[PDB]
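These notes are about the structure you will find just below.
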Amino acid sequence: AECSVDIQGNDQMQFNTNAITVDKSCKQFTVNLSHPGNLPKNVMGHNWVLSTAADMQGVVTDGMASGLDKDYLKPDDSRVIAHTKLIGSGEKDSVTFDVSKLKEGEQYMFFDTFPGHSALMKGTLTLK
Ligand SMILES: [Cu+2]
Ligand SMILES: [Cu+2]
């Protein structure tokens, strides 16, 4: 099975997809994030952040409260399973994580924690 996915976030506060599936037989999984557009990070920064569905609200609320110099994530937030950096237009960042962190029967969400973006920039992550 493939073990990576390419995700884009644009100047329109959109991701290219709202559903990612991770095949069990992957030991690691990589998300490659890019930002088409022209807007810089402080105004249209995007990141890809993974937690359980239950934790998504907290991560987003705490991240937004943390500010740009924290890339909009609360320091030491243990609800965050994996994430990319916050990137502005033209930049790119990849994260690779251990698939063993993810458990059967759990609901996962990926999302962006830049202020307001999770309204649109979120999706499900499913183990298969
Ligand atoms: Cu494979
Ligand atoms: Cu964003």
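Atoms within a ligand are numbered from 1 in the order they appear, just like the ligands themselves. Positions are given from 1, in the same order as the sequence printed here. Every heavy atom of this structure was used, including side-chain atoms; hydrogens, water molecules and symmetry mates were not.
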Item to check | Vertex the Cu ion (ligand 2), rays to ND1 in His117 and OD2 in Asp112 - rounded to 10° | outcome: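 The ND1/OD2 angle about the Cu ion (ligand 2) sits at 140°.
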Item to check | Short N/O/S contact of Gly9 with the Cu ion (ligand 2) (below 2.8 Å) | outcome: no
Can you find a heavy atom in the side chain of [X] that is under 4.5 Å from one in the side chain of [Y]?
X      : Y      : result
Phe110 : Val5   : no
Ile7   : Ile20  : yes
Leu68  : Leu86  : yes
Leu125 : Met109 : no

Next on the checklist: Short of 2.8 Å from the Cu ion (ligand 1), name each protein N/O/S atom, waters not counted.
Outcome noted: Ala1 N, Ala1 O
Next on the checklist: Before you tell me yes or no, could you show the steps for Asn47 and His83 under side-chain hydrogen bond (donor to acceptor under 3.5 Å, both in side chains), namely the whole-Å CA-CA distance, both residues' side-chain angles and the distance that decides it to 0.1 Å?
Outcome noted: CA-CA 7 Å; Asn47 50 6; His83 62 107; 5.8 Å; no
Item to check | Option among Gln57, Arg79, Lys74, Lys70 that satisfies the side chain to side chain donor-acceptor pair (under 3.5 Å) test with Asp62 | outcome: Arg79
Next on the checklist: Please name the atom of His46, limited to N, O or S, that comes nearest to the Cu ion (ligand 2).
Outcome noted: ND1
Checklist entry - If you look only at pairs with a residue in residues 24-48, which of them pass as a salt bridge (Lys or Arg N to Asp or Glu O under 4.0 Å), with sequence neighbours excluded? => result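 Pairs touching residues 24-48 that pass the test: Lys41-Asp71.
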